[PDB]
Amino acid sequence: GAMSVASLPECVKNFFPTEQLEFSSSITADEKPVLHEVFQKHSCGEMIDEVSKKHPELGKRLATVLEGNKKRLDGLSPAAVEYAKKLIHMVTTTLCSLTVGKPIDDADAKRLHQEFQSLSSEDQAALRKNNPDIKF
């Protein structure tokens, strides 16, 4: 639909939480230009205020994505949390680029996969338990 999520490289799609993908699917043709206008001011914490100013319902849906992402960090070790924040940074940057029409470089996603592989078995299992929908 408006967002073109399917056009993303596979290794990038692998890391997307469900809530980001469901949000992207939901974007209507008149909603996308709202995200474009707002994200073009920057390079979501703070995006929410600006988006909601323009389109309350869209901003509500964006806030729900961020609320969703929080749960995924619960109970994780310092190393696993460091990893997860890098994963979400990758996903955020991508979705912003997709929205504004910048190219997508999947090198950051290949780095995430390599990094996951060198985590302890206990941290890999904890990440999978908190994110059963992600292909690490």
# chains A, B, ... in the order shown; residues from 1 in each chain; ligands from 1

$ residues_around --residues "stretch 17-20 of chain A" --least-positions-apart "2" --cutoff "7 Å" --atoms "only C-alpha atoms" --output "PyMOL selection string"
chain A and resi 15+22-24+65+68+133-134

$ residues_around --residues "stretch 90-103 of chain A" --least-positions-apart "5" --cutoff "9 Å" --atoms "only C-alpha atoms" --output "MDAnalysis selection string"
chainID A and resid 3:5 8 12:13 15:17 20 24 32:33 35:37 39:40 43:44 85 108:109 112

$ select_by_dssp --residues "stretch 3-111 of chain A" --states "alpha helix (DSSP H)" --output "JSON, numbers by chain"
{"A": [10, 11, 12, 13, 18, 19, 20, 21, 22, 23, 24, 25, 26, 32, 33, 34, 35, 36, 37, 38, 39, 47, 48, 49, 50, 51, 52, 53, 54, 56, 57, 58, 59, 60, 61, 62, 63, 64, 65, 66, 67, 68, 69, 70, 71, 78, 79, 80, 81, 82, 83, 84, 85, 86, 87, 88, 89, 90, 91, 92, 93, 94, 95, 96, 97, 98, 99, 100, 107, 108, 109, 110, 111]}

$ closest_residue --among "A:38, A:6, A:127, A:21" --to "residue A:84" --atoms "only C-alpha atoms"
A:127

$ closest_residue --among "A:48, A:81, A:125, A:2" --to "residue A:63" --atoms "only C-alpha atoms"
A:48

$ residues_around --residues "stretch 69-80 of chain A" --least-positions-apart "2" --cutoff "7 Å" --atoms "only C-alpha atoms" --output "NGL selection string"
:A and (65-67 or 82-84 or 123 or 126-127 or 130-131)

$ write_last_selection --atoms "N, CA and C atoms" --output "PDB file, in the first residue's frame"
ATOM      1  N   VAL A  65       3.039   1.920  18.944  1.00  0.00           N
ATOM      2  CA  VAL A  65       4.196   1.171  18.516  1.00  0.00           C
ATOM      3  C   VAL A  65       5.281   1.315  19.607  1.00  0.00           C
ATOM      4  N   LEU A  66       5.536   2.528  20.063  1.00  0.00           N
ATOM      5  CA  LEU A  66       6.614   2.742  21.029  1.00  0.00           C
ATOM      6  C   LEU A  66       6.312   2.068  22.362  1.00  0.00           C
ATOM      7  N   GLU A  67       5.067   2.072  22.755  1.00  0.00           N
ATOM      8  CA  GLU A  67       4.600   1.371  23.962  1.00  0.00           C
ATOM      9  C   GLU A  67       4.890  -0.127  23.880  1.00  0.00           C
ATOM     10  N   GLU A  82      21.639  -3.550  25.385  1.00  0.00           N
ATOM     11  CA  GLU A  82      22.483  -2.789  24.392  1.00  0.00           C
ATOM     12  C   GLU A  82      22.210  -3.245  22.942  1.00  0.00           C
ATOM     13  N   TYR A  83      22.135  -4.558  22.770  1.00  0.00           N
ATOM     14  CA  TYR A  83      21.818  -5.138  21.472  1.00  0.00           C
ATOM     15  C   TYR A  83      20.437  -4.742  20.986  1.00  0.00           C
ATOM     16  N   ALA A  84      19.433  -4.918  21.844  1.00  0.00           N
ATOM     17  CA  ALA A  84      18.064  -4.573  21.440  1.00  0.00           C
ATOM     18  C   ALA A  84      17.849  -3.088  21.037  1.00  0.00           C
ATOM     19  N   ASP A 123      21.825 -14.946  26.554  1.00  0.00           N
ATOM     20  CA  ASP A 123      21.306 -13.690  26.009  1.00  0.00           C
ATOM     21  C   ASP A 123      20.516 -13.909  24.700  1.00  0.00           C
ATOM     22  N   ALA A 126      17.163 -15.261  25.761  1.00  0.00           N
ATOM     23  CA  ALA A 126      16.333 -14.217  26.388  1.00  0.00           C
ATOM     24  C   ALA A 126      15.714 -13.251  25.341  1.00  0.00           C
ATOM     25  N   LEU A 127      16.552 -12.845  24.372  1.00  0.00           N
ATOM     26  CA  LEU A 127      16.089 -12.040  23.264  1.00  0.00           C
ATOM     27  C   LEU A 127      14.984 -12.741  22.487  1.00  0.00           C
ATOM     28  N   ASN A 130      11.747 -12.749  24.516  1.00  0.00           N
ATOM     29  CA  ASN A 130      11.089 -11.453  24.497  1.00  0.00           C
ATOM     30  C   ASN A 130      10.574 -10.998  23.091  1.00  0.00           C
ATOM     31  N   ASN A 131      11.132 -11.567  22.026  1.00  0.00           N
ATOM     32  CA  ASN A 131      10.812 -11.168  20.621  1.00  0.00           C
ATOM     33  C   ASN A 131      10.626 -12.449  19.767  1.00  0.00           C
TER      34      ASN A 131
END

$ atom_distance --atom1 "atom CA of residue A:56" --atom2 "atom CA of residue A:31"
10.9 Å

$ atom_distance --atom1 "atom CA of residue A:10" --atom2 "atom CA of residue A:104"
11.6 Å

$ atom_distance --atom1 "atom CA of residue A:50" --atom2 "atom CA of residue A:106"
28.1 Å

$ closest_residue --among "A:120, A:54, A:26, A:11" --to "residue A:107" --atoms "only C-alpha atoms"
A:11

$ decode --residues "stretch 38-75 of chain A" --atoms "N, CA and C atoms" --output "PDB file, in the first residue's frame"
ATOM      1  N   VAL A  38       6.690  15.433   8.565  1.00  0.00           N
ATOM      2  CA  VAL A  38       7.267  15.555   9.903  1.00  0.00           C
ATOM      3  C   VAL A  38       8.650  14.999   9.939  1.00  0.00           C
ATOM      4  N   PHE A  39       8.864  13.815   9.345  1.00  0.00           N
ATOM      5  CA  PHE A  39      10.173  13.124   9.429  1.00  0.00           C
ATOM      6  C   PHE A  39      11.217  13.899   8.622  1.00  0.00           C
ATOM      7  N   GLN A  40      10.778  14.611   7.589  1.00  0.00           N
ATOM      8  CA  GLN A  40      11.699  15.386   6.727  1.00  0.00           C
ATOM      9  C   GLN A  40      12.377  16.546   7.507  1.00  0.00           C
ATOM     10  N   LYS A  41      11.761  16.933   8.622  1.00  0.00           N
ATOM     11  CA  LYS A  41      12.366  17.919   9.506  1.00  0.00           C
ATOM     12  C   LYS A  41      13.566  17.339  10.267  1.00  0.00           C
ATOM     13  N   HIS A  42      13.599  16.014  10.432  1.00  0.00           N
ATOM     14  CA  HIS A  42      14.693  15.332  11.148  1.00  0.00           C
ATOM     15  C   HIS A  42      15.519  14.388  10.315  1.00  0.00           C
ATOM     16  N   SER A  43      16.413  13.690  11.003  1.00  0.00           N
ATOM     17  CA  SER A  43      17.132  12.577  10.420  1.00  0.00           C
ATOM     18  C   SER A  43      16.367  11.338  10.809  1.00  0.00           C
ATOM     19  N   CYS A  44      11.265   7.771  17.624  1.00  0.00           N
ATOM     20  CA  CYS A  44       9.909   8.305  17.502  1.00  0.00           C
ATOM     21  C   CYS A  44       9.467   9.003  18.766  1.00  0.00           C
ATOM     22  N   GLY A  45      10.188   8.765  19.846  1.00  0.00           N
ATOM     23  CA  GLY A  45       9.876   9.431  21.094  1.00  0.00           C
ATOM     24  C   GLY A  45       9.290  10.794  20.784  1.00  0.00           C
ATOM     25  N   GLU A  46      10.070  11.648  20.144  1.00  0.00           N
ATOM     26  CA  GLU A  46       9.640  13.030  19.930  1.00  0.00           C
ATOM     27  C   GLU A  46       8.829  13.225  18.632  1.00  0.00           C
ATOM     28  N   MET A  47       8.828  12.224  17.773  1.00  0.00           N
ATOM     29  CA  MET A  47       8.072  12.365  16.550  1.00  0.00           C
ATOM     30  C   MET A  47       6.589  12.420  16.913  1.00  0.00           C
ATOM     31  N   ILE A  48       6.226  11.750  18.007  1.00  0.00           N
ATOM     32  CA  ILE A  48       4.827  11.589  18.384  1.00  0.00           C
ATOM     33  C   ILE A  48       4.086  12.918  18.566  1.00  0.00           C
ATOM     34  N   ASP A  49       4.719  13.847  19.278  1.00  0.00           N
ATOM     35  CA  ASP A  49       4.166  15.167  19.472  1.00  0.00           C
ATOM     36  C   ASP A  49       3.910  15.870  18.144  1.00  0.00           C
ATOM     37  N   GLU A  50       4.910  15.946  17.287  1.00  0.00           N
ATOM     38  CA  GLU A  50       4.747  16.611  16.004  1.00  0.00           C
ATOM     39  C   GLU A  50       3.720  15.940  15.070  1.00  0.00           C
ATOM     40  N   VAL A  51       3.772  14.617  14.988  1.00  0.00           N
ATOM     41  CA  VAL A  51       2.792  13.928  14.190  1.00  0.00           C
ATOM     42  C   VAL A  51       1.378  14.164  14.698  1.00  0.00           C
ATOM     43  N   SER A  52       1.194  14.146  16.021  1.00  0.00           N
ATOM     44  CA  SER A  52      -0.174  14.131  16.571  1.00  0.00           C
ATOM     45  C   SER A  52      -0.802  15.517  16.413  1.00  0.00           C
ATOM     46  N   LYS A  53       0.049  16.532  16.429  1.00  0.00           N
ATOM     47  CA  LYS A  53      -0.330  17.924  16.151  1.00  0.00           C
ATOM     48  C   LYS A  53      -1.039  18.005  14.794  1.00  0.00           C
ATOM     49  N   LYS A  54      -0.527  17.229  13.843  1.00  0.00           N
ATOM     50  CA  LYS A  54      -1.051  17.226  12.490  1.00  0.00           C
ATOM     51  C   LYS A  54      -2.186  16.238  12.241  1.00  0.00           C
ATOM     52  N   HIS A  55      -2.204  15.131  12.975  1.00  0.00           N
ATOM     53  CA  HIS A  55      -3.101  14.004  12.777  1.00  0.00           C
ATOM     54  C   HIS A  55      -3.131  13.167  14.087  1.00  0.00           C
ATOM     55  N   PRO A  56      -4.101  13.451  14.963  1.00  0.00           N
ATOM     56  CA  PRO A  56      -4.146  12.850  16.293  1.00  0.00           C
ATOM     57  C   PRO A  56      -4.123  11.368  16.214  1.00  0.00           C
ATOM     58  N   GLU A  57      -4.938  10.807  15.326  1.00  0.00           N
ATOM     59  CA  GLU A  57      -5.096   9.356  15.281  1.00  0.00           C
ATOM     60  C   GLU A  57      -3.863   8.653  14.808  1.00  0.00           C
ATOM     61  N   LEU A  58      -3.198   9.234  13.810  1.00  0.00           N
ATOM     62  CA  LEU A  58      -1.917   8.732  13.414  1.00  0.00           C
ATOM     63  C   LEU A  58      -0.912   8.742  14.577  1.00  0.00           C
ATOM     64  N   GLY A  59      -0.866   9.843  15.335  1.00  0.00           N
ATOM     65  CA  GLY A  59       0.075   9.950  16.465  1.00  0.00           C
ATOM     66  C   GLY A  59      -0.229   8.944  17.583  1.00  0.00           C
ATOM     67  N   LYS A  60      -1.503   8.721  17.817  1.00  0.00           N
ATOM     68  CA  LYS A  60      -1.936   7.671  18.766  1.00  0.00           C
ATOM     69  C   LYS A  60      -1.371   6.293  18.335  1.00  0.00           C
ATOM     70  N   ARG A  61      -1.548   5.967  17.052  1.00  0.00           N
ATOM     71  CA  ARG A  61      -1.012   4.689  16.527  1.00  0.00           C
ATOM     72  C   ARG A  61       0.540   4.597  16.613  1.00  0.00           C
ATOM     73  N   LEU A  62       1.231   5.700  16.326  1.00  0.00           N
ATOM     74  CA  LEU A  62       2.685   5.721  16.500  1.00  0.00           C
ATOM     75  C   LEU A  62       3.056   5.501  18.006  1.00  0.00           C
ATOM     76  N   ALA A  63       2.403   6.196  18.942  1.00  0.00           N
ATOM     77  CA  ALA A  63       2.639   5.996  20.382  1.00  0.00           C
ATOM     78  C   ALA A  63       2.441   4.543  20.806  1.00  0.00           C
ATOM     79  N   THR A  64       1.475   3.881  20.181  1.00  0.00           N
ATOM     80  CA  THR A  64       1.213   2.458  20.484  1.00  0.00           C
ATOM     81  C   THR A  64       2.379   1.563  20.055  1.00  0.00           C
ATOM     82  N   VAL A  65       3.039   1.920  18.944  1.00  0.00           N
ATOM     83  CA  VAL A  65       4.196   1.171  18.516  1.00  0.00           C
ATOM     84  C   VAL A  65       5.281   1.315  19.607  1.00  0.00           C
ATOM     85  N   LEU A  66       5.536   2.528  20.063  1.00  0.00           N
ATOM     86  CA  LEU A  66       6.614   2.742  21.029  1.00  0.00           C
ATOM     87  C   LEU A  66       6.312   2.068  22.362  1.00  0.00           C
ATOM     88  N   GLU A  67       5.067   2.072  22.755  1.00  0.00           N
ATOM     89  CA  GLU A  67       4.600   1.371  23.962  1.00  0.00           C
ATOM     90  C   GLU A  67       4.890  -0.127  23.880  1.00  0.00           C
ATOM     91  N   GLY A  68       4.633  -0.671  22.691  1.00  0.00           N
ATOM     92  CA  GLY A  68       4.854  -2.060  22.371  1.00  0.00           C
ATOM     93  C   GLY A  68       6.305  -2.472  22.447  1.00  0.00           C
ATOM     94  N   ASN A  69       7.174  -1.615  21.933  1.00  0.00           N
ATOM     95  CA  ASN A  69       8.584  -1.882  21.864  1.00  0.00           C
ATOM     96  C   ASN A  69       9.131  -1.998  23.320  1.00  0.00           C
ATOM     97  N   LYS A  70       8.511  -1.276  24.259  1.00  0.00           N
ATOM     98  CA  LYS A  70       9.092  -1.194  25.621  1.00  0.00           C
ATOM     99  C   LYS A  70       9.134  -2.517  26.269  1.00  0.00           C
ATOM    100  N   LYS A  71       8.060  -3.277  26.097  1.00  0.00           N
ATOM    101  CA  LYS A  71       7.888  -4.553  26.788  1.00  0.00           C
ATOM    102  C   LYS A  71       9.070  -5.441  26.411  1.00  0.00           C
ATOM    103  N   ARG A  72       9.583  -5.254  25.200  1.00  0.00           N
ATOM    104  CA  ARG A  72      10.563  -6.194  24.649  1.00  0.00           C
ATOM    105  C   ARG A  72      11.872  -6.062  25.420  1.00  0.00           C
ATOM    106  N   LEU A  73      12.059  -4.957  26.117  1.00  0.00           N
ATOM    107  CA  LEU A  73      13.343  -4.789  26.849  1.00  0.00           C
ATOM    108  C   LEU A  73      13.319  -5.376  28.274  1.00  0.00           C
ATOM    109  N   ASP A  74      12.149  -5.713  28.753  1.00  0.00           N
ATOM    110  CA  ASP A  74      12.032  -6.137  30.185  1.00  0.00           C
ATOM    111  C   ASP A  74      12.857  -7.351  30.593  1.00  0.00           C
ATOM    112  N   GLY A  75      13.579  -7.238  31.728  1.00  0.00           N
ATOM    113  CA  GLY A  75      14.298  -8.395  32.246  1.00  0.00           C
ATOM    114  C   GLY A  75      15.598  -8.804  31.598  1.00  0.00           C
TER     115      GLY A  75
END
